[PDB]
Structures are given as structure tokens and as C-alpha cells.
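Heads up: the structure comes next, in C-alpha cells.
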Amino acid sequence: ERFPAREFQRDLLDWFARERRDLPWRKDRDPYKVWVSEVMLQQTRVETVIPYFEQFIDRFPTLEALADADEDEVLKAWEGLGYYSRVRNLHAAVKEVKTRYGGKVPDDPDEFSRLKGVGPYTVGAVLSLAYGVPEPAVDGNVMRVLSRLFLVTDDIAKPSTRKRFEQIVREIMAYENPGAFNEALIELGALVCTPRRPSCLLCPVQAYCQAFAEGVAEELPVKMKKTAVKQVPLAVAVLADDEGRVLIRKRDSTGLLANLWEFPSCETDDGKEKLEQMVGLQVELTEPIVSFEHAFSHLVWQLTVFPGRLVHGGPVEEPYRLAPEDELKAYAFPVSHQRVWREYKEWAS
DNA sequence: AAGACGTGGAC
DNA sequence: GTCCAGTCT
Ligand code: SF4
Ligand SMILES: [Ca+2]
């Protein structure tokens, strides 16, 4: 494996200095900000993350401010980003950093990795970029790039394949400046060596790329096809009382959409009667106004919205809470239920 | 191991 | 429609 590591390095790092996007989290190397951006970037595109990162850092300018904030306030800031246990884990990890480590982000891989939500990629991403620690930062971009560079045909969906890529990076990483190197590989996959129609002709490391020589760039990386996924009808109801207040409820911390608020729903494995019975509060449910789909990575919801009129015969017991329409802004809903409300509003016109 | 776990660009 | 931008269990 006569791979000219140093030669390869100098070129890649040169192209990076010329073409790097000026992104908000690249203004400096504050471990806190880098860490926040890398969590936001997990399975989430850069252009999507930019506005979230700006508001989040404005609301929580430092690690302590995030640790000090309330769970609701943090989760509201994550509303719409998806995979919401990321922020549950980041909040807890930061709380841990505050109480245990006195505010400083641990610079040791094994100590940093021990924190919730910090997987192999985030360790390398945060520690290299912000501390100089030469740990690999292998994401989907890197895997695709390396798979083509070294013509690796292993299924990237296998945890072992990733472990191999990490070993490859180690073999070729620029230990002088690992952060800059790690980001360069990622940026490469993001800008040049794209999932489709890679610009190999413009690529700075074309010379070293084994997939280019064989003309199989498009066919890599190898990855098992995503399968079809379970469908799940859902019955949702918007119960408004005479005064205009609407009833909502906070989902439990274990499972789908943990700790997010929603409109009282039940899986329609009978329709309305199930909603009616479930809440068994003196509530009456009416014709379903609209139906639609909302997808997940591992299932698909088919929703049905039933307006109802709430009559007060008792108190509001947890998890349920009663909220005026004006104060719904304060609660973090998932996108599925955000649409439920919008359709309800348009209907009531 | 492979399924859980959200959402929106870009074909 | 398909693909895809990580971590926990
Ligand atoms: S030459 Fe083509 S396949 Fe190889 S790294 Fe560059 S863009 Fe990717
Ligand atoms: Ca870890």
C-alpha cells in the first residue's frame, strides 16, 4: 500500500483553504460551539442547520447558559430539527460537564466519549477541530470519499466497515493539523466527491483515487438498500373549550418524540370512539376534517384530525396541560402535529 | 446486529 | 418515488 500520505495531505489541505465555506460554527474553535454544531449536523444538512445554530447560540451563548436553561426552553430551540434525543443528550452532557468538569469540555477522547450523545464521529470532530487531538472524524461524507479513494467495497452500513475507515484515516491523517485535515475530508465529500455525479475532474486528490482510475466512482460507496417501513394510522383531536384554550400533553421521555408536546392522539390500529374512550373529561368528538401522511426514518404516520369541544368538569392532570391558543407558541411540537394545527386553523375559516 | 430515532434538500 | 445529510440499544 504505497500511499503517499504527505503528498495527498498537502493537496487536500490546499484545496480546503481555497474552497472552504464560511459557515457560522467555523468563526472560531470554541469547543462548546463546535460541539453544538456537530450534534446539530448529525443526519442533518448544513443549510438546514445554519438558522438553528444561530438562534441556539444566541439563546445559549456559553456552555453554562445551556446547562442552566430549562428542558422546555432548550427543546423549544430544537423544534423541527428532528432526532430530538440529540438535544436531550447534549443538555445532559453539558450539565455533566458543568457539574463534573467545571465547565471545560474534556479534551481526552475517553472522557469526552463517555458523555451522552457523543459517538465516534463527534469525538473526532470536536476534539480535533477544537483541541488538536488527532482522532478520526468519519461521517457519511468521509466514508463515501474513502470508499472511492481506496476502492473499498465493504457495506458502509456495517459497524465494522466504519471501524476500518477510522483505521485508514489514522494511517493517512495529517497529524500536524488534524482538525483542518478532518474538516477537509468532510468538505471534500460535501462539495466535490458528492453522492451523485462527483466532480472527479475538479477533485484535488484525483491522482490518488483508485475508483476514478476504474471508472466506478458513481457505484461507490456500497450500501444496502433501505427497506419498506411500517405504516401506522393515528387519530388526533383538537379539543378547544369555550374560552378558546386547547388541551395538549407532553409525551413521556422514553421512545418516539420523547418529551415533546402534542395534541392527544391514539394509534388507530375504530377511529373517533377510541379517542373519545381514551380520554375517558367531558369531551365530544366530531367529523374528521382532514387526513394526511408524515414520515419518519423508521415508520410512517397517517393522521386524522377530529375537532372537539372541551367541557370542564375537573382539573387538568399531568401529563396533560391546558394552553390558550396564544401560548401554544411556547411549547415545542413535532412537525406532524404542527401541521395538524395549521390544517385546523385553515378549516376554521 | 440491526432497528429505533425526525426532517427536509436534492434529484 | 429514492437517497441521504450519526448514536443508542
Ligand atoms: S477523484 Fe472523483 S471519486 Fe475520487 S475523491 Fe475525487 S471526486 Fe471522489
Ligand atoms: Ca461515546
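Letters A, B, ... mirror the listed sequences (proteins, then strands); counts begin at 1.
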- Task: Using the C1' atom as the reference point in each nucleotide, state the distance between B/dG6 and C/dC3 in Å, no decimals.
- Result: 16 Å
- With the side chain of A/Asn141 defined as its heavy atoms from C-beta on, choose the nearest nucleotide among C/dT7, C/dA5, B/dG6. C/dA5
- Message: From C-beta outward on A/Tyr121, which listed nucleotide comes closest to its side chain: B/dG8, B/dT7, C/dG6?
- Response: C/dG6
- More than 12 heavy atoms from other groups under 6.0 Å of CD on A/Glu293: yes
- Message: With hydrogens left out and only the distance checked, is there a donor-acceptor pair under 3.5 Å joining A/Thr44's side chain and the base of C/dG6?
- Response: no
- Message: Measuring only the P atom in each nucleotide, how far is B/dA10 from C/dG6? A whole number of Å is fine.
- Response: 16 Å
- Flag, side chain of A/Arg245 to backbone of A/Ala323, donor-acceptor distance under 3.5 Å: no
- Message: Could you check whether atom CD of A/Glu71 has more than 12 heavy atoms from other residues, nucleotides or ligands sitting under 6.0 Å from it?
- Response: no
- Report the nucleotide, chosen from B/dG6, C/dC8, C/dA5, that has the shortest atom-to-atom distance to any side-chain atom of A/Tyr84. B/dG6
- Message: Applying a 4.0 Å non-hydrogen cut-off, can you work out what A/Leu81 is touching in the nucleic acid: base, sugar-phosphate, or nothing?
- Response: base
- Message: Rounded to whole Å, please give me the gap between CG in A/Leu41 and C1' in C/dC4.
- Response: 14 Å
- Look at the side-chain N and O atoms of A/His298 and state whether any lies under 4.0 Å from the OP1 or OP2 oxygen of B/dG3. no
- Message: Once salt bridge (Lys or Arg N to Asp or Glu O under 4.0 Å) is applied, do any residues pair with A/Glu19, and if so which ones, sequence neighbours excluded?
- Response: none
- Message: Could you tell me how far C/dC4 sits from B/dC5 if I compare only their P atoms? Round to whole Å.
- Response: 23 Å
